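Before any questions on how it binds or moves, here is one chain, the form deposited without the named molecule, in structure tokens.
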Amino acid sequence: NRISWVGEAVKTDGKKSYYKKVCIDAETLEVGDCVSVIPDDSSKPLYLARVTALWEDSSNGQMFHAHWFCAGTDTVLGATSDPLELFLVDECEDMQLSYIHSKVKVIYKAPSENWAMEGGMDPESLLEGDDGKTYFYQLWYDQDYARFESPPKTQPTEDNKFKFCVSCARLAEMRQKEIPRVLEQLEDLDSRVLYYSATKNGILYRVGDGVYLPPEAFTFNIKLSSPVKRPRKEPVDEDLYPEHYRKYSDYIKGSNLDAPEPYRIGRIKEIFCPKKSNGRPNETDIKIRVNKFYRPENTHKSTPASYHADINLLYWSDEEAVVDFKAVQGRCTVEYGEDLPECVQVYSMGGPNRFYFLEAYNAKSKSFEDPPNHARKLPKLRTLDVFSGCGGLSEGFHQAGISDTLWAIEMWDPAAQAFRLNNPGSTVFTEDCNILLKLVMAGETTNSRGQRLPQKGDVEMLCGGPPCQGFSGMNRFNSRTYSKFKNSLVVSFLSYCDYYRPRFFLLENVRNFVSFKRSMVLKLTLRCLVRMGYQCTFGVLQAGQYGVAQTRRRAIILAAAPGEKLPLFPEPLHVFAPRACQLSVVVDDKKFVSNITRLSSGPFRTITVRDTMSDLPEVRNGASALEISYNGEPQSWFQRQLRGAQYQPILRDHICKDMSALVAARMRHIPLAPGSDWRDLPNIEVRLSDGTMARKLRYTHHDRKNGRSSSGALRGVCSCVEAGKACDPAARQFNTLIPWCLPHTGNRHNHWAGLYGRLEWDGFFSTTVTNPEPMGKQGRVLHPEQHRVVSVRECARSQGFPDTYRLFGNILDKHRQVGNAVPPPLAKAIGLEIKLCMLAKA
């Protein structure tokens, strides 16, 4: 035979007889030993597990419990992983003892007590270095969220110790945390049992608390007539508008007609369970009775009621609704305004999910004020901000209250000056970050300006966005591009992390950072952090979901030192167009998401172009007055926030690029209706403001793809159309109102949708760029009504900069500073997650 128990049994739990030791052919096995197990096809490598229990089964025979390790190559790291590094996972199962192939040694590599001083790995060590030739683990891994975290520290029961499986225990904790449950009973009525409290997903709900509910959870009293359908596309003069046919897509870039409704908000009146005919309550079916809260836009006053109202302003209602407890999307605080000790602004700024109501809403009296008697300091982290720009990321972190950016590195001098203007106590370095790091590593204390260099222990948080020029393609690395990456600013920034070993680390970038070079930039970044011993994760965030009227996805890498909690990604605050909120990432055929659970709705309504800039005075093309009058108070909640509490007599930087006479005429001929762009231009001559003329565009070749006009005219302008001929200059066709190059190459660029495009008041900005040009890719830069490009101030508003935030240089310098920044509201959301970790640190 081969397998024989060592000793007598220790417990007989039914059909199972547990043992403490077993003997397989020439080895002995005890609880706690590590083993390998062959897979079902010997092509796949060995599985590795820890033995947590051993028992004879009355029917199936000799058994053990395997708590599997995860091979590094099976994580997001893939083949960048240390070949002998394993990761802890909550994966386990009962297994026949006959599946064991060998006993294996696995070492736990704990970070030293002096970990923060052990940095100084060279880039080759960070990128490609491995540990000393044995199986080891340092970190636990979440396979769905791609999170590397310090190993959990669960403790066993006096009855668990002999068979304890930490994976089993943690999975039981998760299941119990996720199943909805009642806790305390309140009163026993004839048909149902009332409760004072319930819990769901770790959140405690009591009678009186506010709940978030899906928009589908209940309707309002409103009996309305159905609105009209989409704008009936009436025919147009195709000779006057030869490019209008290119708008057959019916889809409007930057439009909010597809954004979901925000949550329903209710106050728990009743938590109850149906009582069986037999007396006992059915506690698998928990129901909630709420009073409905009206948002302004839910009243007979439609959407326009939202224009001026506070974003968290509600009205009490006495309409009631019964929903399932499992429908609750979260807890929120809804409290009567004129009974809180603080003021409403301090309240709204002091915590998440805070709403207030001053009046009530009688629906079909359509009136206000209905029955009210029912309604009853850590120190900041010293922060180094690399590639800081003018300071949007540092500004959002400061607003979150977690950071003092004491050092910034910004190579472009106008942005460095702007950072200095907003951060007088900061030390701003303009030289190359490699130079600075090499100086520090050589033992220097000051740079060539006499500025004091940060040293180990000074830097507690490190953040930045490193440029990726040279390796921003999607195709795989070769030797040349990989050398560029090894000597890149990304790797320099990682070397900063390795040297200074801050408590928290943030790398922000364009969304496609997660896909560059077949995701190898991302995988190697994570590999470096793991090699340093950091907890770390990655994800994609949409800036609009955190309160700007702009679509701007960013890739985010977060890391936290051993001893810290690894931050979560922030839950979306505002609803936003779903097409702009694709946050998942596929790496090596594995789809990763973040912890974000608000996927289809959120607490606050979407922020619009109207919210963003309806208060700014009209200005002209080329507006250059640096200091003007606002001409009135803020109108929207967003404007109130960005203008701030203190009266501001002067509006700064509401200045616009001075476009040419031809470009100005084009802009003057873009209609104001939503979705308008160059394809709506007329094919006319126009006398320009400099006496010159704008010529009619007329065709030169037959586009077989697009065919001919409504009445025979060719829709082609170039020998290009032949698809096999070359460009002949005989149709260059300069100084045309309808630009020539857009029909020239439009068939391969989605009709150049959005160029010379107008913003719409109800919509959002396209990604705010460093130099707004109507004929650039992000060409939707025209004001909704004025015949001009958006101003520097309007771009700053689109990024969520306070109006008081100072910029520096000429108009193009200021546009670039604004367009390169992280939006402060996005940075603040991230920082508040970091603050949660600072407060939770054991």
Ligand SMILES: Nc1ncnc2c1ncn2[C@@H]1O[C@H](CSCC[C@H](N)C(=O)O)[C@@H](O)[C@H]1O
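All residue numbers refer to positions in the sequence shown, first residue = 1. Only residues modelled in both forms are compared. So that the term is clear: the rigid core is the largest set of C-alpha atoms that superpose within 1.5 Å between two forms.
What comes next is about the form solved in complex with the named molecule, which does not appear here.
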property: Open or blocked: site for the named molecule, pose in the bound PDB entry superimposed, 2.4 Å backbone/C-beta cut-off, 3-atom minimum; result: open
property: Of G266, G544, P772, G465, the one that lies within 4.5 Å of the named molecule in the bound PDB entry (heavy atoms); result: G465
property: Contact residue in the bound PDB entry, chosen from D432, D690, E338, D239 - any heavy atom within 4.5 Å of the named molecule; result: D432
property: Distance check, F387 to the named molecule in the bound PDB entry, heavy atom within 4.5 Å; result: yes
property: Contact of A821 with the named molecule in the bound PDB entry (heavy atom, 4.5 Å); result: yes
property: Contact flag, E410 vs the named molecule in the bound PDB entry, heavy atom cut 4.5 Å; result: yes
property: Partner proximity in the bound PDB entry: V323 to the named molecule, non-hydrogen atom cutoff 4.5 Å; result: no
property: Interface stretch in the bound PDB entry with the named molecule - options 411-419, 339-347, 166-174, 240-248, non-hydrogen atom within 4.5 Å; result: 411-419
property: Residues within stretch 479-510 having a non-hydrogen atom within 4.5 Å of the named molecule in the bound PDB entry; result: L489
property: Comparing forms between this form and the one not shown after core superposition, the one residue of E297, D142, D370, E335 displaced by 2 Å or more at CA; result: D370
property: Rigid core superposed: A723 CA moves 2 Å or more between this form and the one not shown; result: yes
property: Sequence-ordered runs, three or more residues, C-alpha shift 2 Å or more between this form and the one not shown, rigid core; result: 160-162, 369-372, 467-483, 722-724
